[PDB]
Amino acid sequence: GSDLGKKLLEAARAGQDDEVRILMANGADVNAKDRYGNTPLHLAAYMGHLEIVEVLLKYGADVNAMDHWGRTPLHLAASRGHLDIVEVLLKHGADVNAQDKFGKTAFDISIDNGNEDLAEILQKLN
DNA sequence: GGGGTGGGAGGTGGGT
Ligand SMILES: [K+]
Ligand SMILES: [K+]
Ligand SMILES: [K+]
Ligand SMILES: [Mg+2]
Ligand SMILES: [Mg+2]
């Protein structure tokens, strides 16, 4: 016996954007958390799923949700070079200063992973 | 194992 939250997480993990849209509409819990502390927003942000990122936020996903390592969606987008995703997160109130367990901000992670264009976007906001 | 340009049939295979 599963629930809408767990299904949402699975759909997010598998990149099934259509499935996500359905679950959202049937009222799935936007802030469900997997065993690592990832919300569906974490997974879409890491995966590069821009449209779903917008869907989740529309449905009120927590923009600054932190995982078990203190990583926010912003940290995950930054590690993967998803610039557009970064702008959308930022436009929705992402905190540029959140530090993960290692002290790193999104800025540092973006530098670490060679993502200079989104680095610049963040640099403006430090 | 590890990543999301591999896909969703798994989450008691594990991380994002
Ligand atoms: K997998
Ligand atoms: K595999
Ligand atoms: K796999
Ligand atoms: Mg992007
Ligand atoms: Mg970049």
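In what follows, chains carry the letters A, B, and so on, assigned in the order in which the sequence lines appear, proteins first and then strands, with residues in each chain numbered from 1. Values reported hereafter were calculated over all heavy atoms of this structure, with side chains retained and with hydrogens, waters and symmetry mates removed.
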5′-ward residue of the pair A:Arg13/A:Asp67 relative to DNA chain B:
A:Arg13
Whole angstrom is fine here: how far is it from CD in A:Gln16 over to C1' in B:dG6?
14 Å
May I ask you to list the residues sharing a hydrophobic cluster with A:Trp69, side-chain cutoff 4.5 Å, ordered by chain and number?
A:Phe102
Does the A:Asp3 side chain pair with the main chain of A:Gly5, one donor and one acceptor, at a distance under 3.5 Å?
yes
Are the side chain of A:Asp17 and the backbone N or O of A:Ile52 linked by a donor-acceptor pair below 3.5 Å?
no
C1'-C2'-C3'-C4' sign verdict for the sugar of B:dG10, north or south:
north
Side-chain heavy-atom pair A:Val30, A:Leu56 within 4.5 angstrom cut-off:
yes
B:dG2 and B:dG10: how far apart are their P atoms, nearest whole angstrom?
23 Å
side-chain N/O A:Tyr36 vs B:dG15 OP1/OP2, d < 4.0 Å:
yes
For a quick check of understanding: with a heavy-atom distance under 4.0 Å over all strands, which category does A:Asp34 fall into, base, sugar-phosphate or nothing?
base
Contact check, residues 70-103 of chain A vs DNA chain B, heavy-atom distance under 4.0 Å, returns A:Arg71, A:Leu76, A:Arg80
Euclidean distance for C1', B:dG8 against B:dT16 (whole angstrom):
16 Å
Is A:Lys6 salt-bridged to A:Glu10, cutoff N-O under 4.0 Å?
no
Please report the distance separating the P of B:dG14 from the corresponding atom of B:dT5, rounded so that it comes out in whole Å.
23 Å
What is the separation between atom NE2 on A:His49 and atom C1' on B:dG7, rounded to the nearest whole Å?
11 Å
On DNA chain B, more 5' by nearest nucleotide between A:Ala14 and A:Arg35 is A:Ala14
A:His82 side chain to A:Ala44 main-chain N or O, any donor-acceptor pair under 3.5 Å?
no
Between A:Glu19 (CD) and B:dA9 (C1'), how many Å, whole number?
14 Å
State plainly whether the residues A:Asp67 and A:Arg71 are in salt-bridge range, i.e. N to O under 4.0 Å.
yes
Given the P atoms of B:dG7 and B:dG13, what is the spacing between them in whole Å?
22 Å
